[PDB]
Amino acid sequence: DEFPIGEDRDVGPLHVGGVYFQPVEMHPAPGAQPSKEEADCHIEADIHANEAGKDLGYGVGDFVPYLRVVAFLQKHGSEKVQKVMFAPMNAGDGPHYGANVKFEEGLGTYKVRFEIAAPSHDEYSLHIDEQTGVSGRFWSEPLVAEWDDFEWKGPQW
């Protein structure tokens, strides 16, 4: 049982989808994410190359590894913003950028914003020879996929 954060987005060379479901147990446990027991849910940011996509050398539909994905959550009526740092991981259904999440502000409607940064300069490279290499270059400022009316009503499991 998976529930959408909202409609999938196409931003630059990325096809971005967001879903949430029950908390999971991850090994190792990433950064400062809540445990399966402490968490409200698990949120997955699925990032696959789109047609644009190919200019960086990826095949359409391929998972795009080495990205740095963060989510910002803001409950409607509040000035507070919660930052969620996803981590790369595999589940039984494949790779994702994911995070166990506890909604600090509780039940309500949220603005949910994913910021997707390209790999760090020392973490990835592109072959750029004329004619034989790729023509595209990684984006400089993080790409954004946003949903303005995400409803968190508590566990649906």
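In this text, the rigid core denotes the largest set of C-alpha atoms whose superposition between the two forms falls within 1.5 Å. The first residue of the sequence shown is number 1, and the count goes up from there.
Figure out for me whether 17-25 or 129-137 is the more displaced stretch in 5 other deposited structures of this protein, taking RMS C-alpha distance from the shown form once the rigid core is superposed.
Looking at 17-25 and 129-137 in 5 other deposited structures of this protein, the bigger mover is 129-137.
Mean CA temperature factor from the deposited coordinates, higher in 99-107 or in 46-54?
Mean B over CA atoms: larger for 46-54.
Stretch with the higher entry mean CA B-factor, where the candidates are 128-136 and 36-44
Averaging CA B-factors over each stretch, the winner is 128-136.
Name the third of the chain's ranked CA B-factors that contains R113, choosing lowest, middle or highest.
For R113, whose C-alpha B-factor we compare with every modelled residue in the chain, the answer is the middle third.
Would you mind ranking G94 by its C-alpha B-factor against the rest of the chain and naming the third, lowest, middle or highest?
Its C-alpha B-factor belongs to the middle third of this chain's values.
In terms of the chain's CA B-factor thirds, is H121 lowest, middle or highest?
Answer is highest: the recorded C-alpha B-factor places it there.
Third assignment of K80 from its chain's C-alpha B-factors:
Top third by C-alpha B-factor.
Record-listed C-alpha B factor of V60: chain third:
It belongs to the highest third of the chain when residues are ordered by C-alpha B-factor.
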